[PDB]
Structure formats: C-alpha cells, structure tokens
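See structure below.
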Amino acid sequence: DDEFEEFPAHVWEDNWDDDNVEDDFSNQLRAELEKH
Amino acid sequence: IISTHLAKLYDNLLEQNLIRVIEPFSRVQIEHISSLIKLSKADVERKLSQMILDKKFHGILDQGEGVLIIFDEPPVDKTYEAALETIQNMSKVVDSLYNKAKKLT
Amino acid sequence: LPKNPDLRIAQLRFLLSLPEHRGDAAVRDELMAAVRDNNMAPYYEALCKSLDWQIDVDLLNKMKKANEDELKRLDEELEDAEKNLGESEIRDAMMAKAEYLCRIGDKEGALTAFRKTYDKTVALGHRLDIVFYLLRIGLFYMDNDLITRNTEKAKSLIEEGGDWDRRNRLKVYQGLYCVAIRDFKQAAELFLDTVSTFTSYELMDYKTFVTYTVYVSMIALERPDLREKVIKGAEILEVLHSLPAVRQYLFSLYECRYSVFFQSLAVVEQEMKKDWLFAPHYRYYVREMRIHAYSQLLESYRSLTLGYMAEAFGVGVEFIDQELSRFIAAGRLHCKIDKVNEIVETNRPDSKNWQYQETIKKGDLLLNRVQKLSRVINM
Amino acid sequence: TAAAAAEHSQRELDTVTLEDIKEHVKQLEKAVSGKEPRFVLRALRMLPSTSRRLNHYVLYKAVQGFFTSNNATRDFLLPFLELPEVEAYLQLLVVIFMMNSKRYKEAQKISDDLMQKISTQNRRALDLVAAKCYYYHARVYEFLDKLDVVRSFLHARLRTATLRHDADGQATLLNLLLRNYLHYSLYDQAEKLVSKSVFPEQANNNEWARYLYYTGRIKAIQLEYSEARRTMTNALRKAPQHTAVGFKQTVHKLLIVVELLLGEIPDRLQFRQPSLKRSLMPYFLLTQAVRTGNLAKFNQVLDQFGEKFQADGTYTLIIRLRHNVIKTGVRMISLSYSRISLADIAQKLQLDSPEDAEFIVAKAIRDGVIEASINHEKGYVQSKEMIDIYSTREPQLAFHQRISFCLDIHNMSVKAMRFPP
Amino acid sequence: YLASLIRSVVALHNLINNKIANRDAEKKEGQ
C-alpha cells in the first residue's frame with residue numbers, strides 16, 4: 001500500500017497505576033494499625 | 001460432626017425467617033427487622049449483606065439511616081444480549097471480508 | 001522426572017539477589033552446598049561475576065577438575081558408542097551428555113547437545129522428554145522466547161500423539177509460564193484442572209503448588225466459581241488443612257472478614273515478593289486484591305460510610321479515602337465519595353444501562369472497521 | 001566473477017521491472033481508452049515499490065528504448081542518466097529516481113518541465129498523475145529547502161483544480177499548501193484557508209489522514225482542544241498500519257499532548273508499542289510527571305528534552321500543559337468525589353488557598369471538565385446529580401448517528417457496485 | 001441500529017464479491 005516516506009522516521013499489558021511509586025502495602029498496613 | 005450441621009441449620013433457618021419477615025415490606029429499618037427476629041443489629045446486617053452478595057433476594061442495604069431497600073429487579077433484556085453476540089458475529093465476518101479483499105486486491 | 005536443573009537453585013539465587021536480604025548467609029550456605037554437590041562451575045562463575053562475590057579458588061579448581069574428568073568420560077563413552085554401538089546407544093550417550101551438561105549448568109552447551117539429541121532421536125517418548133528438559137531449562141533461565149518456543153513444540157508433539165501423564169506435565173508447565181507472564185486467568189484454569197493429579201514434583205512441592213493455585217484462583221475467579229472449585233475443592237481443602245495461613249487468607253476473603261483478609265494479604269505480599277516466579281507481580285496482585293475486596297464489600301450496598309468501611313477493613317478513614325479515591329479515579333470501582341458527610345454512594349450501572357454502553361462500545365469498534373473497509377475498497 | 005553474476009541477476013530484475021512498467025503503461029492506455037477514469041490509481045499503487053526498486057541503468061535503458069513515438073524530449077533524460085499519460089508516468093518515475101539520487105537542481109528543472117507539460121495538457125484522466133507530480137515537486141523544493149514559490153504556484157494550481165471539480169488534485173494541493181504554511185509557521189493563514197475551503201468528501205485515505213493531522217494541529221494551536229483531539233484520533237485511525245512510522249509517531253506525539261491538555265491521560269498501549277516506544281519515551285516521562293503532578297519532575301524533563309520539543313514543536317502547548325496539569329488535578333478530584341469541600345480540594349491539590357481552589361474549579365467549569373455545581377454559602381463543590389441515562393434522548397441521538405452512518409455505508413457500497421460492460 | 005449494521009455489512013460483502021468478479025473477468029478477457 002501507499003507509504004508516508006515524507007515524514008521522517010515486557011510481554012504483558014501494563015497499566016498506568018503500576019508505575020506509581022509507593023510504600024509496600026505490608027508497611028502501609030503496619031503503619032495504619034500502629035496509628036489505629 | 002454435629003456442630004457443623006447444627007450451624008448450617010441455624011444459618012438456613014435464619015435465612016428463611018429473614019425472608020418471611022422481610023417479604024411484607026419494601027423499605028425497612030434494620031433495627032425493626034432485628035427486633036422482629038430477636039437478633040443483634042450487627043449480626044443481622046452481616047447476614048443480610050452476605051445474602052445480598054450471594055443473590056438470595058433482590059435488595060440493597062444502606063448502613064446510614066439503617067435501611068434495606070428491597071425490590072424486584074427487572075429481568076435482563078435478552079434483546080441486547082442477542083444484539084451483542086450478533087455484533088460479535090458481524091465483527092468476525094468483517095475480519096473475513098478483510099482477509100478476502102485486502103489479500104485479493 | 002529428575003530435577004535437572006533444580007529450580008530450587010534459581011529460587012535461592014534470586015532470593016539472594018535482592019536488597020535487604022543479601023548476607024543472611026543461610027541462603028549462601030544452602031546454595032553453596034547445592035553448587036558443590038552438583039559441580040556447577042559455569043553457574044558458580046556466573047553468580048560470582050554478576051553479584052560480585054569472592055571466589056574460593058581451591059574448591060573451584062577441584063570441582064572444575066572433577067567437571068572436566070566427567071565431561072571427558074562422557075565424550076569418550078559417546079565416541080565408543082559411535083564407533084561400535086548402534087544409533088540407539090549413540091542417542092543414549094547423547095542424552096546422558098546433555099543431562100550432565102544441564103547438571104553442571106552449561107546453558108548453551110546443554111542447549112546444543114539437546115538440539116542434536118532431538119534431531120537424531122525419533123522415539124515419541126524420548127522427544128517429549130527432551131522438549132520437557134528444554135522447557136525446564138527455559139523456566140530456570142526465565143527466557144520467555146525459548147520457553148514459548150518449546151511450549152509450542154510440546155503442544156504440537158502432544159497433538160501429533162501423547163499420553164495422559166505428559167499432557168498433565170505440559171499443563172503444569174503452561175501454568176507456571178502463565179504465572180510468570182501474568183496470565184493469572186489461564187494460570188488459574190490450568191492449575192485447577194491439574195490440581196487433583198499433580199505429578200511434576202521436579203518444579204516444586206505439592207504444598208507450594210497448592211498455595212500457587214489458591215492465590216491464582218482467587219485473583220482470577222469470581223465468587224461463584226471460587227466457592228465451587230476452591231472452597232468446595234477436596235484436594236485444596238486437604239492441603240490447606242496442613243497450611244494454616246493460606247486457609248485463613250482464602251476463607252477470610254470468602255466469608256467477608258475483611259480485616260483478617262487485609263492482614264493475610266500483607267503477609268502474602270511479603271511471601272510472594274520473596275518468591276522468584278511471582279516476583280514482578282506482587283504490586284499488581286495486591287492492587288487487584290484490594291480492588292476485589294472493595295468491590296465485594298460494595299456489591300451489597302448503596303450508601304456505605306467511610307467510618308464503617310474503616311471499621312470493617314481494620315484501617316483508618318484517611319487511608320480508606322485515599323485508596324477509594326485512587327481506585328475510583330483509575331476507574332476500577334463503581335462508587336462515588338461524599339466527604340462533607342462522609343459517605344460512599346454506589347452508582348453501579350443498571351443491567352440495561354451497562355448493556356447499552358457495551359453495545360455502544362462494540363458498535364463503535366465494528367463501525368470503525370467497516371468504515372476502514374468501505375473507504376479502502378470503494379476507491 | 002561474483003560481481004558479474006550479481007550484475008546478471010540485477011539485469012534480470014531490471015527486465016522484470018520493465019515488464020511491470022509496461023503493465024502499468026498498458027493499464028494507463030486501458031483507462032484513457034475506456035470509461036472509469038481510473039486504474040491509474042492501480043498503476044500508481046505500485047509507484048512506491050517501483051520507485052524503491054528503480055536503478056540508474058534501469059532508467060537509462062528505459063529512456064533509451066522508449067519515447068520513440070515522437071518528440072526529442074529524451075535529450076532531457078539521456079544526458080543526466082548516462083502520449084497523454086505514458087509520458088507523464090515514465091517522466092514521473094524519472095524525476096523520482098533523480099530525487100533518490102538527490103540532485104535537486106536538475107530534479108527541479110525536470111519537474112518544471114513536467115509542470116509546464118501538465119498545465120498545457122488540460123485532460124481529465126491526467127489529474128491523478130498531476131497530483132502525484134505536484135506532491136513530488138513540493139518534496140523536491142523541500143529538499144532544495146526553498147519552499148517559497150511553492151506557496152504561490154500550488155495556490156494557483158489549487159485554484160485551477162477546484163475550478164475543475166476534481167477531488168484527488170484538490171486534496172493533494174490542499175495538503176501540500178497546508179504543509180508549507182505549517183513549516184513556515186503561518187498558522188493564521190492556514191486557519192483562514194481551511195475555514196474558507198472544503199476538503200473533498202471523497203478523497204484518498206492518505207490525503208484524508210494528512211488533512212486531519214494538519215487541521216488538528218491548527219485547532220490545537222488555535223485553542224480548540226476537543227476538535228483537535230477528535231480529528232487527530234480520526235487521522236491516526238485512517239493512517240496505514242504496517243508503514244508510515246514517522247507520520248504515526250508525529251500523530252501520536254501531538255495527540256498525546258492534546259489529550260494531556262484536554263485533561264485526560266493517554267493509553268499506555270501507545271507507549272508500549274515497539275514502533276513508538278523509543279520515539280515517545282520523552283512523552284512517557286512527561287505523562288508520568290503530569291499524572292504525578294510534580295512540578296519539579298515536569299521542569300526537569302522539559303529541560304532534559306527541550307531538543308525534541310523544537311524537533312516537533314509544542315512549547316506553547318507545553319506551557320498550556322502546566323495549565324492543564326492543574327486542570328487534570330482538579331478534574332480527577334471532581335471525578336472521584338461527589339460532595340468534596342473546598343478545603344479538601346485545596347489540601348489534595350496542594351493549592352495555596354481555598355479561594356485559589358475556588359478560582360481553579362470555576363475555570364474547570366469554563367473548560368467543562370468537571371461538569372459540577374458549587375455552593376460557597378457552605379463552601380463545597382456539589383456534582384451534577386447523576387441520572388440513569390437511558391430514559392432520555394441521548395441513546396436515541398447516539399443510535400441515530402450510528403444508523404445514519406450505516407445507511408450511508410450501504411448507499412455508498414451499492415452505488416460503487418460497478419459493471420464494466 | 002443492529003438491523004442497519006447487518007444490512008451494511010452484507011452490502012459491503014456483495015460489493016467485495018463484485019469487485020473480485022469484475023477484476024477476474026477483465027484479467028481473463030485481457031489474457
């Protein structure tokens with residue numbers, strides 16, 4: 001088919017939230033219960 | 001061997017009594033139901049939540065004013081179902097038409 | 001089948017190759033013991049190079065000399081077999097040579113020897129055994145390309161002809177690979193299909209297999225199927241009787257005792273992050289289980305208050321609000337917060353509403369395809 | 001002599017390519033002789049492949065052996081190589097090979113010869129070849145780096161090709177003219193021309209994609225974000241799949257920017273795409289920074305990747321970014337809440353004051369990105385009382401648009417149904 | 001809407017068949 005030579009040129013399905021950096025849920029829960 | 005069966009019987013009887021006492025209503029106070037059934041508010045609330053989640057009767061709780069909105073859910077419209085599977089069939093037919101045309105022309 | 005290679009070695013190596021865990025020295029003792037027993041010079045060298053460890057030159061040289069002696073003996077036996085013995089014993093000698101190369105850990109040498117052995121051999125059973133060796137090596141080295149190539153090969157061999165046992169073992173290998181590549185749905189399917197007849201003891205122990213099946217099944221199965229095929233699963237219950245934590249975790253989720261469920265989820269995250277196969281999936285698994293618990297609790301409510309959510313989940317209202325906001329924003333929950341008078345309304349779409357939205361989406365896809373077809377062809 | 005064997009194989013390939021050129025030429029004769037002023041499109045469909053496979057000796061032998069009907073115009077081809085449509089198509093191949101050789105001066109001389117010839121011959125079945133020549137001449141002047149007289153000349157050619165009710169030529173001229181205006185940053189004039197012109201509703205898919213891309217660029221820089229985004233998504237859909245990597249990359253970049261401006265988040269699948277991962281990685285960093293809402297990360301990524309930002313062109317849009325970074329923050333705050341208070345909004349968005357948060361939510365109302373009310377008597381932003389949208393005319397309108405589209409597809413198909421006898 | 005979608009798909013299939021038949025006929029006539 002026609003081509004646009006005019007314009008110069010994991011194995012999963014990742015998700016946006018995955019890259020977010022946060023503490024491990026175990027540590028989060030430990031903190032929550034310590035302050036609760 | 002006896003405790004497990006008796007507990008299961010207790011749960012079944014509680015379910016049946018809840019159904020019987022909740023049938024003559026459309027919006028009740030969990031407090032009123034608990035008073036009718038002679039149990040505790042927390043236990044009746046948890047049992048009702050489990051029943052609703054398992055789809056034993058058509059109702060949704062509300063832990064605010066303390067209500068159990070029971071009703072009848074309209075049957076799922078089968079027309080949209082059949083339409084969706086027909087849409088899938090036509091999508092794969094369009095795939096076949098691609099395989100024909102884009103490769104023979 | 002034999003543990004050649006033994007995936008316990010990969011387990012220990014990966015566990016060592018992690019922060020805040022290097023130097024425990026129990027992993028070091030066990031790994032060094034196994035390496036010395038199996039005389040793995042290439043693997044020892046690779047580990048030391050990658051992880052910057054000291055080298056005990058004395059034992060390294062001793063076991064290298066032993067390895068060279070064994071390799072020369074195997075080559076001499078193969079030469080004798082070729083000179084005098086027939087193709088059957090030539091294939092047997094090649095099989096033994098590949099076994100020994102895998103035992104010492106010669107990745108590329110073992111691969112080449114196995115390729116030659118497979119090309120020469122014609123027996124269906126021996127071909128299955130060779131491809132299973134290839135798959136086990138592929139899992140050992142976490143090479144997705146080789147793993148999938150050999151998986152396709154083994155499936156083709158089974159289709160051409162195979163028996164019940166090798167079919168089950170292929171099922172288990174497929175489940176392991178799916179767990180590796182985050183196909184938890186297919187992993188649950190395969191593990192639950194093959195749980196009653198687990199035989200691949202070379203990959204793990206039955207208890208580890210059952211724990212993997214429980215985790216995967218719970219993350220991949222709805223409430224009805226979970227109850228039918230796990231809570232009411234004979235073998236799963238039998239093994240969970242010996243495993244007192246996984247039983248707690250699964251039954252907490254099922255019976256909706258959510259505080260215990262969150263505690264169990266924390267411990268399971270820690271165990272699964274320590275694990276080697278699930279290692280690049282613990283964050284995703286915990287996120288999915290948090291969403292699962294929130295959805296299960298909100299499935300039977302229309303207006304749930306953050307106070308009650310915090311009480312049920314054994315957490316604070318601030319934490320519940322944060323998590324609910326994040327998940328609602330990501331679109332993984334049907335519920336709207338109301339902070340002035342702390343409440344969570346449940347805006348679940350009616351059956352007809354959801355059917356209409358699904359029709360709109362599917363029709364948009366199909367209509368885009370149809371437009372592409374029409375505009376491409378009419379010109 | 002491996003060189004001799006390779007030369008003989010190359011000459012066999014040359015014979016095959018000459019036979020292909022003969023096939024295309026005879027298709028041109030069939031088209032002109034018969035009705036259906038087409039099949040020139042069939043001949044051109046292999047034009048990219050033929051141009052790629054062209055060779056110096058191939059073209060030299062072609063010019064030597066052809067153009068025998070009349071005229072001595074081969075004197076303009078033989079020294080540099082050392083009919084109504086056939087001359088145009090062979091000559092177009094010649095100029096394409098000259099461009100491949102990169103000799104822009106005689107490339108433009110020969111192109112001007114083409115252009116005079118086509119202007120002289122006022123035929124109707126030559127319009128497609130004329131459009132291809134126009135595109136390649138715009139390209140040769142781009143390579144020469146002039147792109148100055150192209151504006152005026154292609155403008156006149158567009159006037160002629162719209163006075164004549166042509167579609168392919170109109171689309172090609174409009175695309176090239178808009179490209180010139182953009183390359184020279186004449187966005188105002190481009191907007192005026194697109195507003196006062198009409199794109200041929202039935203035009204080649206590639207030209208449609210180009211026109212949507214350019215129009216989306218105009219709208220984005222013109223403060224029409226919704227229109228820019230929808231047009232750009234449509235352009236991406238129209239674009240080819242297994243080619244046009246550069247065009248797809250540019251469309252993806254600008255679409256990602258315009259989405260971020262609208263206040264949404266691009267799909268991670270775009271970035272995950274192997275053909276676009278490395279190219280779009282800077283925009284992946286930008287998307288991560290905006291989603292995190294971290295001004296420090298935004299600034300450091302901007303400083304790091306300013307180079308690509310002139311390479312493509314987004315600075316005004318990239319500060320409008322910061323604007324819509326705070327806009328996206330407020331949009332999500334209103335999306336995952338129903339009755340949040342102004343103090344809570346300020347706390348969650350790190351805004352200095354509740355009054356500032358109030359101004360920001362009012363501007364969110366401007367942009368329509370929260371579709372929510374507010375009450376300052378008690379100080380909280382109520383949301384629109386969500387309605388079960390099936391007992392209303394929205395489903396009727398959606399189904400009406402889709403039904404009309406389906407009827408139009410059926411009509412166009414049953415009209416394109418053709419019988420050659 | 002579902003009815004119209006099916007009708008359009010059928011029409012496109014018919015047009016594809018017609019294009020294939022026309023090209024086959026012209027090719028055979030030429031050769």
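Letters for chains follow the order of the structure tokens (A, B, ...), residue numbers begin at 1 for each chain, and ligand numbers begin at 1 in the order shown.
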Mind dumping a table of every chain E residue within 8 Å of chain D, with the nearest atom pair and its distance in Å to one decimal, using only C-alpha atoms, sorted by chain and rising number, as a Markdown table?
| residue | atom | partner | partner_atom | distance |
| --- | --- | --- | --- | --- |
| E:1 | CA | D:403 | CA | 5.2 |
| E:4 | CA | D:406 | CA | 5.9 |
| E:5 | CA | D:406 | CA | 5.7 |
| E:7 | CA | D:410 | CA | 7.2 |
| E:8 | CA | D:410 | CA | 4.7 |
| E:9 | CA | D:410 | CA | 7.9 |
| E:11 | CA | D:410 | CA | 5.8 |
| E:12 | CA | D:413 | CA | 5.9 |
| E:15 | CA | D:417 | CA | 5.6 |
| E:18 | CA | D:417 | CA | 6.7 |
| E:19 | CA | D:418 | CA | 7.6 |
| E:22 | CA | D:419 | CA | 7.0 |
Selection above as a file: C-alpha atoms, as a PDB file, in the first residue's frame:
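File part09.pdb, as written:
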ATOM      1  CA  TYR E   1     -29.424   0.010  14.549  1.00  0.00           C
ATOM      2  CA  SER E   4     -28.905  -1.468   9.695  1.00  0.00           C
ATOM      3  CA  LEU E   5     -25.444  -2.654  10.736  1.00  0.00           C
ATOM      4  CA  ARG E   7     -27.550  -4.744   6.179  1.00  0.00           C
ATOM      5  CA  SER E   8     -24.482  -2.552   5.629  1.00  0.00           C
ATOM      6  CA  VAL E   9     -22.114  -5.461   6.283  1.00  0.00           C
ATOM      7  CA  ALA E  11     -23.860  -4.774   1.203  1.00  0.00           C
ATOM      8  CA  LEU E  12     -20.104  -4.407   1.662  1.00  0.00           C
ATOM      9  CA  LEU E  15     -19.501  -5.117  -3.260  1.00  0.00           C
ATOM     10  CA  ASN E  18     -18.498  -7.750  -7.328  1.00  0.00           C
ATOM     11  CA  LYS E  19     -15.033  -6.174  -7.345  1.00  0.00           C
ATOM     12  CA  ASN E  22     -15.025  -7.734 -12.252  1.00  0.00           C
TER      13      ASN E  22
END
Give me the residues of chain B that have any atom at most 12 Å from an atom of chain E; for each, the nearest atom pair and the distance in Å, rounded to one decimal. Use only C-alpha atoms, sort by chain and number, and format it as a Markdown table.
| residue | atom | partner | partner_atom | distance |
| --- | --- | --- | --- | --- |
| B:79 | CA | E:2 | CA | 10.5 |
| B:80 | CA | E:2 | CA | 9.8 |
| B:81 | CA | E:2 | CA | 11.7 |
| B:82 | CA | E:2 | CA | 10.1 |
| B:83 | CA | E:2 | CA | 6.6 |
| B:84 | CA | E:2 | CA | 9.0 |
| B:85 | CA | E:2 | CA | 10.9 |
| B:86 | CA | E:2 | CA | 8.2 |
| B:87 | CA | E:2 | CA | 7.6 |
| B:88 | CA | E:6 | CA | 11.2 |
| B:89 | CA | E:6 | CA | 9.9 |
| B:90 | CA | E:6 | CA | 7.1 |
| B:91 | CA | E:9 | CA | 9.3 |
| B:92 | CA | E:9 | CA | 11.0 |
| B:93 | CA | E:9 | CA | 8.3 |
| B:94 | CA | E:9 | CA | 7.3 |
| B:95 | CA | E:9 | CA | 11.1 |
| B:96 | CA | E:13 | CA | 9.6 |
| B:97 | CA | E:13 | CA | 6.6 |
| B:98 | CA | E:16 | CA | 9.5 |
| B:99 | CA | E:16 | CA | 11.1 |
| B:100 | CA | E:16 | CA | 8.2 |
| B:101 | CA | E:16 | CA | 6.5 |
| B:102 | CA | E:16 | CA | 9.9 |
| B:103 | CA | E:20 | CA | 10.8 |
| B:104 | CA | E:20 | CA | 7.4 |
| B:105 | CA | E:20 | CA | 7.7 |
Excluding same-chain residues fewer than 2 positions from segment 22-37 of chain B, what lies within 10 Å of it counting only C-alpha atoms, as number ranges by chain? B: 14, 16-20, 39-45, 48, 57, 59-63, 65-72
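In this model, the gap between atom CA of residue 6 of chain A and atom CA of residue 90 of chain D comes to 21.2 Å.
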Quick one: DSSP alpha helix (DSSP H) residues in chain B, as a ChimeraX atom specification? /B:3-22,30-37,41-53,78-104
Near chain E, meaning an atom within 9 Å, which residues of chain C appear when counting only C-alpha atoms? Write them as a list in words. residues 363, 367, 370, 373, 374, 377 and 378 of chain C
Can I get the residues of chain A within 10 Å of segment 206-209 of chain D, each with the closest pair of atoms and their distance in Å to one decimal, using only C-alpha atoms, sorted chain first then ascending number, as JSON lines?
{"residue": "A:2", "atom": "CA", "partner": "D:206", "partner_atom": "CA", "distance": 7.8}
{"residue": "A:3", "atom": "CA", "partner": "D:206", "partner_atom": "CA", "distance": 8.5}
{"residue": "A:4", "atom": "CA", "partner": "D:206", "partner_atom": "CA", "distance": 8.4}
Pull out every residue of chain D that has at least one atom within 6 Å of chain C, counting only C-alpha atoms, and report them as a PyMOL selection string. chain D and resi 336-340
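The smallest atom-to-atom distance between residue 17 of chain A and any of C:185, C:348, C:283, C:120, using only C-alpha atoms, is found for C:283.
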Distance filter 10 Å, only C-alpha atoms, chain C against chain A, as a VMD selection string: chain C and resid 144 181 to 183 262 to 270 281 to 284 286 to 287 290 314 to 319 326 to 327 330
What lies within 8 Å of segment 128-144 of chain D using only C-alpha atoms, ignoring chain neighbours under 5 positions off, as a short mmCIF file (atom, residue, chain, number, x, y, z; two decimals) with N, CA and C atoms, in the first residue's frame?
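Result went into part_4.cif, see below:
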data_model
loop_
_atom_site.label_atom_id
_atom_site.label_comp_id
_atom_site.auth_asym_id
_atom_site.auth_seq_id
_atom_site.Cartn_x
_atom_site.Cartn_y
_atom_site.Cartn_z
N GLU A 6 7.39 10.64 3.36
CA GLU A 6 7.58 12.08 3.55
C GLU A 6 7.99 12.40 4.98
N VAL D 40 -5.54 4.26 -13.23
CA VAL D 40 -4.31 5.00 -12.99
C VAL D 40 -3.94 4.88 -11.53
N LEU D 41 -4.94 4.83 -10.65
CA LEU D 41 -4.68 4.53 -9.25
C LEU D 41 -4.10 3.13 -9.08
N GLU D 85 -0.63 10.07 -21.11
CA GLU D 85 -0.37 9.70 -19.72
C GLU D 85 0.93 8.92 -19.57
N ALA D 88 3.86 11.17 -19.02
CA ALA D 88 3.81 11.73 -17.68
C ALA D 88 4.26 10.71 -16.64
N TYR D 89 3.82 9.45 -16.77
CA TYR D 89 4.15 8.46 -15.75
C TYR D 89 5.61 8.05 -15.82
N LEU D 92 7.55 10.93 -14.46
CA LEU D 92 7.44 10.97 -13.01
C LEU D 92 8.40 9.97 -12.37
N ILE D 96 11.46 10.91 -9.86
CA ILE D 96 11.57 10.25 -8.57
C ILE D 96 12.96 9.65 -8.40
N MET D 99 15.38 12.38 -7.66
CA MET D 99 15.32 12.73 -6.24
C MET D 99 16.08 11.72 -5.40
N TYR D 104 19.20 17.94 -6.74
CA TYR D 104 18.00 18.75 -6.64
C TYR D 104 17.87 19.74 -7.79
N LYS D 105 18.98 20.25 -8.32
CA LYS D 105 18.90 21.28 -9.35
C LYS D 105 18.24 20.75 -10.62
N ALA D 107 16.74 17.97 -10.78
CA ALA D 107 15.45 17.44 -10.35
C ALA D 107 14.36 18.50 -10.51
N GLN D 108 14.63 19.72 -10.05
CA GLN D 108 13.63 20.78 -10.15
C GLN D 108 13.46 21.26 -11.58
N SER D 111 11.28 18.68 -13.10
CA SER D 111 9.94 18.82 -12.53
C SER D 111 9.19 20.00 -13.15
N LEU D 114 7.86 18.86 -16.34
CA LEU D 114 6.61 18.15 -16.07
C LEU D 114 5.47 19.13 -15.89
N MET D 115 5.72 20.18 -15.12
CA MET D 115 4.65 21.04 -14.64
C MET D 115 4.10 21.87 -15.79
N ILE D 118 1.97 19.43 -17.99
CA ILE D 118 0.66 19.12 -17.44
C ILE D 118 -0.25 20.34 -17.48
N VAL D 150 6.61 27.64 -3.99
CA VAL D 150 5.60 26.59 -3.95
C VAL D 150 4.28 27.16 -3.45
N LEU D 154 1.48 26.42 -6.18
CA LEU D 154 0.50 25.42 -5.78
C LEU D 154 -0.83 26.07 -5.41
N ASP D 168 -8.94 14.36 -6.12
CA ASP D 168 -7.59 13.95 -5.74
C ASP D 168 -6.62 15.13 -5.81
N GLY D 169 -6.66 15.87 -6.91
CA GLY D 169 -5.79 17.03 -7.03
C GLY D 169 -6.08 18.08 -5.98
N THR D 172 -4.60 16.83 -2.67
CA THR D 172 -3.14 16.85 -2.65
C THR D 172 -2.62 18.28 -2.55
N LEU D 173 -3.18 19.19 -3.36
CA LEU D 173 -2.74 20.57 -3.32
C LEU D 173 -3.02 21.19 -1.95
N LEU D 176 -0.42 19.87 0.56
CA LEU D 176 0.91 20.44 0.38
C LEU D 176 0.94 21.90 0.81
#
For chain D against chain A, which residues fall within 10 Å using only C-alpha atoms, given as an MDAnalysis selection string? chainID D and resid 44:49 135:136 139 205:206 210 239:250 265:269 272 275 279 287:288 291:292
File dump, residues just selected, N, CA and C atoms, as a short mmCIF file (atom, residue, chain, number, x, y, z; two decimals), in the first residue's frame:
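File produced: selection25.cif:
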data_model
loop_
_atom_site.label_atom_id
_atom_site.label_comp_id
_atom_site.auth_asym_id
_atom_site.auth_seq_id
_atom_site.Cartn_x
_atom_site.Cartn_y
_atom_site.Cartn_z
N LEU D 44 -0.51 3.42 -10.05
CA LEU D 44 0.25 4.15 -9.04
C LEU D 44 0.39 3.38 -7.73
N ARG D 45 -0.50 2.43 -7.45
CA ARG D 45 -0.43 1.70 -6.19
C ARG D 45 0.93 1.05 -6.00
N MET D 46 1.57 0.62 -7.08
CA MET D 46 2.92 0.09 -7.02
C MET D 46 3.98 1.17 -7.20
N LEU D 47 3.58 2.43 -7.32
CA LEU D 47 4.55 3.50 -7.52
C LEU D 47 5.60 3.54 -6.42
N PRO D 48 5.26 3.42 -5.13
CA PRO D 48 6.32 3.40 -4.11
C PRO D 48 7.30 2.25 -4.30
N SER D 49 6.80 1.04 -4.54
CA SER D 49 7.68 -0.11 -4.72
C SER D 49 8.55 0.05 -5.96
N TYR D 135 2.84 16.60 -5.62
CA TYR D 135 3.40 16.17 -4.35
C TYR D 135 4.91 16.02 -4.44
N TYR D 136 5.39 15.36 -5.49
CA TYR D 136 6.83 15.15 -5.60
C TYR D 136 7.57 16.45 -5.87
N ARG D 139 7.96 18.13 -2.69
CA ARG D 139 9.03 17.45 -1.96
C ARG D 139 10.41 17.85 -2.48
N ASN D 205 -7.47 7.95 1.15
CA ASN D 205 -7.35 7.80 2.59
C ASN D 205 -6.11 8.51 3.13
N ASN D 206 -4.99 8.41 2.41
CA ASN D 206 -3.76 9.06 2.85
C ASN D 206 -3.93 10.57 2.91
N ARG D 210 -3.68 13.08 6.16
CA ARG D 210 -2.84 14.28 6.20
C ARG D 210 -3.67 15.51 6.55
N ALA D 239 -4.80 6.35 9.20
CA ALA D 239 -3.44 6.14 8.72
C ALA D 239 -3.17 4.65 8.52
N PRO D 240 -2.18 4.31 7.69
CA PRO D 240 -1.86 2.90 7.45
C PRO D 240 -1.32 2.24 8.71
N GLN D 241 -1.29 0.91 8.69
CA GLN D 241 -0.85 0.14 9.85
C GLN D 241 0.63 -0.22 9.78
N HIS D 242 1.03 -1.00 8.78
CA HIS D 242 2.39 -1.52 8.72
C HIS D 242 3.29 -0.63 7.86
N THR D 243 3.24 0.68 8.12
CA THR D 243 4.10 1.63 7.43
C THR D 243 3.89 3.02 8.02
N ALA D 244 4.51 4.04 7.42
CA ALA D 244 4.29 5.42 7.84
C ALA D 244 4.66 5.61 9.31
N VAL D 245 5.78 5.02 9.72
CA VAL D 245 6.18 5.07 11.12
C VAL D 245 6.36 6.51 11.57
N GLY D 246 6.97 7.35 10.74
CA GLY D 246 7.18 8.73 11.12
C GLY D 246 5.88 9.51 11.27
N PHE D 247 4.97 9.34 10.31
CA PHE D 247 3.68 10.01 10.41
C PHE D 247 2.92 9.56 11.64
N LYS D 248 2.91 8.25 11.90
CA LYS D 248 2.23 7.74 13.08
C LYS D 248 2.87 8.28 14.36
N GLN D 249 4.20 8.37 14.39
CA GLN D 249 4.87 8.91 15.57
C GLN D 249 4.48 10.37 15.80
N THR D 250 4.47 11.17 14.74
CA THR D 250 4.10 12.58 14.90
C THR D 250 2.66 12.71 15.38
N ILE D 265 -5.60 11.21 30.27
CA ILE D 265 -4.32 10.51 30.31
C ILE D 265 -4.24 9.60 29.09
N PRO D 266 -3.14 9.63 28.33
CA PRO D 266 -3.03 8.73 27.18
C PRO D 266 -2.98 7.27 27.60
N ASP D 267 -3.41 6.41 26.69
CA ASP D 267 -3.30 4.98 26.92
C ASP D 267 -1.84 4.55 26.94
N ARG D 268 -1.49 3.70 27.90
CA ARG D 268 -0.13 3.20 27.98
C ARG D 268 0.22 2.29 26.81
N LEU D 269 -0.79 1.78 26.10
CA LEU D 269 -0.52 0.91 24.96
C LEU D 269 0.27 1.64 23.88
N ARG D 272 3.75 1.51 24.90
CA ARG D 272 4.21 0.13 24.86
C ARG D 272 4.46 -0.34 23.43
N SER D 275 7.08 0.08 17.85
CA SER D 275 7.43 1.03 16.81
C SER D 275 7.49 2.47 17.32
N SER D 279 10.71 6.53 20.43
CA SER D 279 10.39 7.89 19.99
C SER D 279 9.57 8.63 21.04
N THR D 287 4.13 12.46 30.54
CA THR D 287 2.86 11.96 31.04
C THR D 287 2.97 11.53 32.49
N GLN D 288 4.06 10.83 32.84
CA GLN D 288 4.26 10.43 34.22
C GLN D 288 4.34 11.65 35.13
N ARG D 291 0.86 13.24 35.53
CA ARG D 291 -0.02 12.43 36.36
C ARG D 291 0.37 12.53 37.82
N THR D 292 1.67 12.49 38.11
CA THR D 292 2.13 12.69 39.48
C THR D 292 1.85 14.10 39.98
#
